[PDB]
Every structure is written in C-alpha cells, then in structure tokens.
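Q: just the structure for this:
(4 chains, ligands or ions: 1)
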Amino acid sequence: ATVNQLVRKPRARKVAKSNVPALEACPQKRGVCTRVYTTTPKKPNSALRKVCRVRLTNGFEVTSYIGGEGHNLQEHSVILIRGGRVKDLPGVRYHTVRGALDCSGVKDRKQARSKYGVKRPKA
Amino acid sequence: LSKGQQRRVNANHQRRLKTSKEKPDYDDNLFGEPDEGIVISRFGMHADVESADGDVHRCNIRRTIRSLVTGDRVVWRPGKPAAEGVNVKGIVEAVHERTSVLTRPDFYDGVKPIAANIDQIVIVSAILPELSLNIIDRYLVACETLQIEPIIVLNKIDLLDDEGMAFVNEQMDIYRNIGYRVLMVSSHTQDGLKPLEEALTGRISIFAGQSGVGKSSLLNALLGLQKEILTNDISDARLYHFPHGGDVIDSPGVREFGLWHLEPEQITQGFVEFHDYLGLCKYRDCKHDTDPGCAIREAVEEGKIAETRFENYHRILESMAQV
RNA sequence: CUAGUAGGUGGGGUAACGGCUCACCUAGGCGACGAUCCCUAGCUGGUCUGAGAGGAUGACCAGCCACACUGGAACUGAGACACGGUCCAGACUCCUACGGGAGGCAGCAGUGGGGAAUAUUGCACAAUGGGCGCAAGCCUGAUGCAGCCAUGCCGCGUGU
RNA sequence: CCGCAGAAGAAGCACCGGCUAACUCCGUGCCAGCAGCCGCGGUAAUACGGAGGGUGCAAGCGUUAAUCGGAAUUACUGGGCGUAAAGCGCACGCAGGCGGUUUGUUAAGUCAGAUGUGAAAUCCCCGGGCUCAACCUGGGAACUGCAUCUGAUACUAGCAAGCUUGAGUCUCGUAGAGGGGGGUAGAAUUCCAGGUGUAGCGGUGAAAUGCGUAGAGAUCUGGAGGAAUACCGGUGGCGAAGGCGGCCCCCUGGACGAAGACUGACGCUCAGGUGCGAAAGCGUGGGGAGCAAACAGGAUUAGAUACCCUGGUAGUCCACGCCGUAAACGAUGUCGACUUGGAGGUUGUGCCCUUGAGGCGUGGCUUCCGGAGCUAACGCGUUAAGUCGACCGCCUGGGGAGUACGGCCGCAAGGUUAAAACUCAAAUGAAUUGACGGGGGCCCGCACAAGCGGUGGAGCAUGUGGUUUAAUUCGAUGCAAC
Ligand SMILES: [Zn+2]
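A: Numbers count the residues shown, from 1 in each chain, chains lettered A, B, ... in the order given. Find the structure here:
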C-alpha cells in the first residue's frame, strides 16, 4: 500500500502456534504417567482409548495415547513421550513410545514392527 | 441407523453377553470378568453403574450399545481388576431387556423411556402453590398402560391449614374412592413418613412429580446422606437408591410427567371405571360428547362421574392432535 | 528522559583525543527519525531454505567481542585489570594438632549430575605450529593421529 | 600392491483406500484398532489383525523433534477492506507523507566513468589431484555494498527567479428542514369547570383491575398543560457525520451559478493533537401532557415473575453537566484527473419569434437504467466497485474473546486500547439445483358444491383385530390391509 506505512510498520506474517509444547524441540522426554485415563472418542468417530496423563519432567502434564493394542502401563510408571495426536480424542497430542522403557512390544504384530518396536522374528 | 443392520447387529451383541458369561479368561486382559449391574447415573457419555458387589463404577459405554438409560440393570465390566482401584474405571459391555420401564413424551424428538424395571411410580406432587388434577389424571393412564402401580403422594402438607387442608385432602379423596394409593406428607415436615416407608418396602419403583412438587424433599427425606440440596427455590437421569429398598430414577425432567399419544381407542381403557361407562351409549361411535343418549355424559352430569375427570379426559384427546 | 546531565572555563589523569579526572562556569543535552523503560539474545563472515528478492537462522571452520566459582581490587607488566597470577570480601569445598589452613575442571580426559541425547580419564613429537632457547634441544592434551558413534555425506559390497 | 579359500560371511525396513506410486485372501464386526488428511470398522473391510502379492528405499529405514520451502499464507518484487476478516460516526489540523505550471541553479538526490575498498574459506565459471564421489587443490567469476574522485544534469531535491488552469480572493445572485437564541399558533390529546345525557363505560379472539348512577361512556362550551409539531412531504432538501420538518423574529455556517476583476501553488493527505458524538445513563435542579424499563393488579398456560389487558416509575420533555456507543450503513476512506451512454430528480443561467407549458445549449449535485470495462460472484458501471495516481485507516483462519490483564479515560456504568492459554478444521461467501412452508397466487376430478342412493342404528353373512384355544396355519394395515 504504502511505503509510508511500510517504513513505519513492517509487514507481518504469522508466528506459528506450536502444536506441542513438549518443547525445547523435544525429541523425547521422560514423563511418568499419572494414571491411565480413559476417555471417549469423538462424536461419530468412536473408539475407546487407553490414554493417560503423563507427568512430564519439564513439568507439563498431559495425557497421552498409548499406541497399538497391547499394553503394560500402571499409574506410576516412568514413560516416554513422543508427540502425536489421536485426531479423534481431544487432548491427545502425544504418543508414548511403545516398546520404550516401561513397556516392550505388544504381542506378535508382524507388520510394521518398528512401530510398536518389536524384534525381528526368529526368521 | 439401520433396522436391518441394526437387527443382525442385535443378535451379535446378544451372543456377546452369553458368550462372555460362558467363562472368562478367553475374553481377557484389559478388562476384568463381567458382572451385573444397574445404571444409576448417566454421564451423557458415561454411566455410573452399581455392581452386585454394591460398589458403583463410572463406566464407558461401547458404541455397540444403541442407547442406555437410568434404571437399566444388566451385565457390565470394569477395566481389568487393577483399574477400578485407582479411579472409578469401568465400561458397559452390553445391556439387558428392560422388563418394566417408561418413557417421556416429546414433540420433535420422539418418546424416550425414562427408566426400566419399575414396580411402582409415585406421582409427586405438592400443594405449593397449586395442584392440577389434570397432570395427575394423565399420569394415571400411563401407570395403567405400562401396567405399573401408581402412588399419588400429596406432599408438603405442613404448608396447609384449616381452610387449606379441608380442601386439599377431600379434593384428593377421588383417589381414595376409585382405589388409588396416596399418603399426605411434607418433606420439610416429615409427616406420614411411616406409611410410605412401608409401601416402598420390598418393591422396585420411583417417584416423579410436576414442576416443583417436593420430589427432592421426599427422596431426601426417606434417605439422605451427604447430599441434601435438591430442594431450594423453584428450579430443576440418575436413579437413586432407597433407604428401605427400591430405587427412584430422578433425572431433572421425569417429575414433569407430560403426556404422549398412544392410540385413540386406548384413552377409553385408561380408566377402569369406564368399564361400566362404555357399555351402552346412544351412538355406536359416540365419542361421548354431545351425542343424543350417551352413557358417559348421562353419568357425569348425574353425580357419579367426577366432572373434573370429564374435562381432563376430553382435553387429553384434544392435546394429542395438537401436533 | 537525563547529573557530573550539555557545553564552556579552568586545572588533574592516560600512551593518546575527552569530563578521563578533580575544581570551576554555563543550563543545556536528549526524544516518534519511537529517546527511555522492559523482555529476550553472543556478534559477524556464514548456514539452510527460496526461481528470486526474501525467509529462518548463527553447530562445525574464520573475523570480532566478552567471560574464567560469587563478588568487588588493583599490582605486575610490552602488553592483563590477567581461566590453569595476586589480594580482599563471598559462596561453597576441604583439611586441621581447631590455633589455622587448602582448594577453583565455559581446558584436555574423565565424574556427578541433568537430559531425548552427544564418544577415550587412548597416542605422538614423526609433520606443521608455538613458547623458551644462541642453536642443541626441552616443553607444548595447540596439533598429527589413533579409540567410540551407521550422526550426516560418499562409495563399495551382500554375488554373477 | 601380490596371493589363496570359497557362494561362501552380508538385506533390511516401510508402504500398497484416496490424495499418492501399489491389491488380494482370511480374522475382526463402530469391537479391537488406524491415522497426515478425507476418514476407516455395527458380518464379501484393498484402511483394523493375519496371509499373500506388488511398490518404494537402502545399510540403511521409519517415526518423532526442527526450519524454512512450498505459502503470492503480510502481498518490495507480489493481496486485499461495497456484500465473504478488514474504512474510525464524523470532522479539523501540527510532525510527516505526497506536489500546477516556466527558468535559472546547485550538483544533494540520480546517473556515469573513475579512484579505492568488499580476509580466507564457502558459492559460482574453469582446471587440475585423491581409482569415483564427497573431498582436495589451482585459476578465474563472483562476494551485486561504502567511500572518494571526475563529470552527466533528463527528473527528483533544496534555494533563486518566474507563471496560472490547482488553491485562495473580491463581486453578483439562488436555493436550501444548516444551526443557535427568543417568540407564537394550530391539530390532538391528558386533565378541568361546567352543558347535555345515560348505563353502562372501558377492555377482549374471549375476559377481568379500573372508571363507571358519586352520572362514567357519550355530547357541548370554557379552561389549564403536557408532550410533539399533520396536509404539504417528495423515489425531496440541506448537513462532515449523527441528523435536521408548524408560522415569526434575532445571531450564525456551508453549498452552488453567473458576467466577471484579483492572487499567485498559498495545495492533497494526515499519525499524534483538537472539537463534534443516534438513542442508555450521570450532576444537580425542574417538569411532567402522551408514551413507557421497574413495579402492581387482571388474563392466557402445564408453568408464563412473558407476549395481551388496567395500569404504571424510572425515563422520556426543559435545563444543566457528565456519559462517547450505533448495522454511527451507500454495510462502498481522502483528494485529483480520466473513460461508452439513456431516461430521471432538484437548483442556476446563455442563447433562441419565451410569442407557449417554453426550444436549443450551459453549470451543480443527486435517482433509476446501463456499455466497455471491471468483477469470484452478485454485481458495479462518468456520483465506478473501470483506468489511474497520492495520502491516510484497516485485515491476516474459526472460536477463544471485543473478553482477560495493563493502560488511559470515566460519577458509575463503563468506554477505549487489546492478549494469552487453549481449542477447533474449518468457519465463511456467493452462485447453482432440487426439496421445503401452518408464504402467496393458478387450476380442475363426484373435492366441494347441486342433487341421487346411500353407509352409520337394528337382525343376519365375509373378514379381520382383540380374547380365547392343544391348534385357532402363514403374509396383507394411515388413505394404497380387511
Ligand atoms: Zn358416549
């Protein structure tokens, strides 16, 4: 528009709202659960989920989804987050690594075993 | 929603119950053994269910459940064993066939059963400020149609006086004349709490009244522990348990027993008394109004049939076509 | 909004211009051309991205600067207000014959601990580099390497 | 580097619904689960679990975390605010921004050369060297700046020195609800003193409080007052906006036209700054007709601290002051100049047998239709939302939240300014088609209507539903089952 104006205020683009704030470009963080909560899915898109508030070390609780199917999580239970989000569960924005720390792999998935970090079979 | 897909689906859910009951460990691991329960509280998306053990569990309700409501006793699970123990964690795997239950009328939104497994439905009511037999009249038909027992309870009697009661009790005598059950009392005052207590003895029933009839007083009067707030001014699906046995589905609505339209020939069956007023009339199709030689009319203006009952019965039929 | 503040006189001080300084004088100086006040930040060449212009940055290597346990100090000196000097107050620390003392890993290696995570308490003076030295040479965790890491990149291959 | 064994010791992981390259069999049955997205699964799922088959990728792979890229997704290049987010009500003016027409001028900007400067490594052009590559090395190019010097002098700049079409000015008119102040009347009505007069009046889909024989209502006369100023009057006017309507006077602002004469760029915009602000409310103090939040009765209703009725305070009008929001709207920033028009509106005038109402021009602005044009559309379209230029304001998805907190203001309300967290994944637009109406209109048919005979009661047959039965076979049921 004008120069005039431009010289006074610079243009301004957005500053992105960080979807997480497990931050300090968190790769991963240990957290510790709280308990393993449970909550409903979304209005049409419906599934139960094993999720859990997590007592992260940087200090921010938040409930994570517990991936896959199989399980091993208590109330008190050091755990490791990753981001994520169950696009059908509000409040999820994470994802606790399966196979990490306080869990190993679930039983016998075969496909994509890295997701749900599982060994290689006996071959 | 698919009546067909709904059907085939029904069978599946049904088998799931019996199959799960067959025995457990094959089911297992996330959740624990199935057990019976009834629905006390409705969390919209959750439900509080009291177990056989007698400990309530807030549970999820698998989509596979078309619906659920208060007064629904049936099978259930909580998550695991471990999981109930930190924080009420459970889920409702399936439900049972509501043996006895009732629904609300509505306008757009269709009829929805309010509660199931009911032995008696005590109509509340209150003298403050003023009653309207109409609300009770319409309710009487409901109790007959679901083949439930009705108890009318004129409450808050302590609020009446000389020229206040002499017109209350008598005016209600109609119920004592046609064989209905009633017990004047006043929650605030705890009067006639003996008769009711006995009546509720070994029975499965609940109390619902119109706008502000002392429902909170009576439910809180019989048995009230850590929770006596449901009075207070003029204002407002959980079926609470009784002190002497029996449960009462309280949701903030039920007490306002509206009136839904079931059939046009049933209205005549609503009241047993009609069993003698529908014998021989003037017109084979005499709707009992301004016909020449009617039977119900010749009885009403004759002193036997309570006029008030006529106006109310006639209004009910005119209320349905109000759609 | 600014007090030793702005200048101007005087002196004093620095290797040197100056309020640098003391003393003296004047009463300015400053501000939307955002002073000042606040939050956050090593700076920079770069680096990544983008057709570009720009955008996001600022590891590694090189220029700059600043810091060396918390602080506040000068001295010494070519040169320092001086990481592995000095003194003081300070917090720790630690030792002690309880009188007093000793200590400084934003080096190197390793330790704790912190964390999502980042490697040996290895080797060498051979080369290059530097200190000191008259060379000799000595010293030099700079450095050359060697150890570890599929961290990235590249290649090769695991068979035809 | 030479050598010897021997296929030996060495391939993985993901993905394959669509986007987005890749498909089947089972299991599962809105469960378990998925996942970037849209979304998948409630009995044949290419998406879940398993299996196979193909696609990809490679010692490496995926995922997660990170940055920009895509994104022209802040829009210099390179967006937008008539209706989808976005023009402040509205004005005025200092900083500022922008600048009619001549010359001179400087050489400031500009330009141009030139003089320098711009570590090295990157990078790039070109080459070479490590078996290739990465890498390395050499050379060039480049690193698009600053500075200085010597000019160049079109424009911009500064000043100088000029002009006239901008602006401004004088003059002469017009029209106009421009205002402010003070008068003043009528219409009507509240209330009144009475006239007449009478049961009822008043109120309502029905009713009631209320006034009603104390004479209401009604009628007539007078009077008091309160509030607001019909018909005109308008698709009208004037105003910066908000708005401003009886007639009269006083003080006052702006707009426009015409001969003209005059000045001489004195202008445009404008942050801040200034003043003004539809209705609420405030001061304080009056007032008080009508109306009317609150409040009180009556009614309605299942309830009805509603709509309706009797009403009625606050308020309303006056002053005064304070309060500062308006869908403050043409939902359309400012000032300027342009580019097709037709009918129109109200005011001005030249000229022209006005001989007439006037004709033909000529200015103002505003309506309605409207080309090109422009536009996502609708649409707009010489009064532009076209083409432009200059200035100024704003908008950066939805909710969050016009809120919080700070601020400032303020009697208080409250205004103003304006976030975060988060959460959502789309909201939003318009246009398109149908459906949709207790919308409206337009038709007929035994729809009504016009008649005929009916059916409906009464006794009997089919049937059928209830009820019953050991069985009372199975299906057909709002007209379209009987
Ligand atoms: Zn009859």
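Q: and the longest helix for chain B?
A: helix B:3-22 (DSSP state H).
Q: so what does that helix touch, helix or strand wise?
A: If you count contacts as 3 or more C-beta pairs under 8 Å, 6 or more residues apart in numbering or on different chains; DSSP states H and E, helix B:3-22 packs onto strand B:73-78. Where you see a C-beta, it was placed from the backbone N, CA and C, and this is true even at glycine.
Q: angle of the strand it packs on against helix B:3-22?
A: If you take axes from the mean of the first three to the mean of the last three C-alpha atoms, to 10 degrees, strand B:73-78 sits at 70 degrees to helix B:3-22.
Q: hmm, strand B:73-78 in reach of chain A?
A: No - using C-beta under 8 Å from any C-beta of the partner chain, strand B:73-78 stays clear of chain A, coming no nearer than 10.5 Å.
Q: apart from its chain neighbours, what residue comes closest to the residue nearest the centre of chain A?
A: Computing the C-alpha centroid of chain A and ranking residues by C-alpha atoms, centre = their mean puts residue A:94 first, at 1.1 Å. Of all residues not flanking residue A:94 in the chain, residue A:64 sits nearest, at 4.0 Å (C-beta to C-beta, 6 or more residues apart in numbering or on different chains).
Q: remind me which helix or strand that neighbour belongs to.
A: Per DSSP states H and E: residue A:64 is located in strand A:61-65.
Q: pull up the pairing partners for the helix or strand following that strand, direction included.
A: Toward the C-terminus, strand A:61-65 is succeeded by strand A:79-83 as the next helix or strand (DSSP H and E). Using DSSP bridges, strand A:79-83 pairs in its sheet with strand A:29-31 (antiparallel), strand A:94-96 (antiparallel).
Q: tell me the bridge partners for residue B:36.
A: With DSSP bridges as the rule, residue B:36 is bridged to residue B:75.
Q: ok, now which ones touch it?
A: B:51, B:52, B:73, B:74, B:75, B:76 (C-beta atoms under 8 Å, 6 or more residues apart in numbering or on different chains).
Q: please indicate which of those residues are buried?
A: Buried members of the contacts of residue B:36, scored by 16 or more other C-beta atoms under 10 Å in any protein chain shown, are B:51, B:73, B:74, B:75, B:76.
Q: can you list the residues of chain A near chain B?
A: Going by C-beta under 8 Å from any C-beta, the residues of chain A near chain B are A:35, A:36, A:38, A:40, A:46, A:48, A:50, A:71, A:74, A:75.
Q: of the residues you listed - the most surrounded one?
A: Per-residue neighbour counts (other C-beta atoms under 10 Å in any protein chain shown) across those peak at residue A:36, which has 24 neighbours.
Q: that residue against residue A:64, yeah?
A: No - Residue A:36 lies out of contact with residue A:64 (C-beta atoms under 8 Å); the separation is 9.6 Å.
Q: shared neighbours of the two, which are they?
A: Between them, residue A:36 and residue A:64 share these contacting residues under C-beta under 8 Å, 6+ apart: A:51, A:52.
Q: where do the helices sit along the chain?
A: All of this refers to chain A. A:3-8.
Q: nope, chain B please
A: Along chain B, the stretches classed as helices by DSSP H are B:3-22, B:83-86, B:133-145, B:162-165, B:169-177, B:193-199, B:215-222, B:274-277, B:296-300, B:307-320.
Q: returning to what we had before: helices or strands next to the strand holding residue A:64 in the packing?
A: By 3+ C-beta pairs under 8 Å, 6+ apart, strand A:61-65 packs against strand A:49-55, strand A:94-96.
Q: who's in contact with the last one?
A: Right, strand A:94-96. For strand A:94-96, the external contacting residues (C-beta under 8 Å, 6+ apart) are A:20, A:22, A:31, A:52, A:54, A:62-67, A:73, A:79-85.
Q: touching RNA strand C at all, it?
A: No - shown here: strand A:94-96 not in contact with RNA strand C (C-beta under 7 Å from any atom of the strand), separated by at least 11.7 Å.
Q: so how far is that strand off the chain centroid?
A: The chain centre lies 2 Å from the centre of strand A:94-96; the measure is C-alpha atoms, centre = their mean, to the nearest Å.
Q: over to stretch A:67-84?
A: Between the centre of stretch A:67-84 and the centre of its chain there are 10 Å (C-alpha atoms, centre = their mean).
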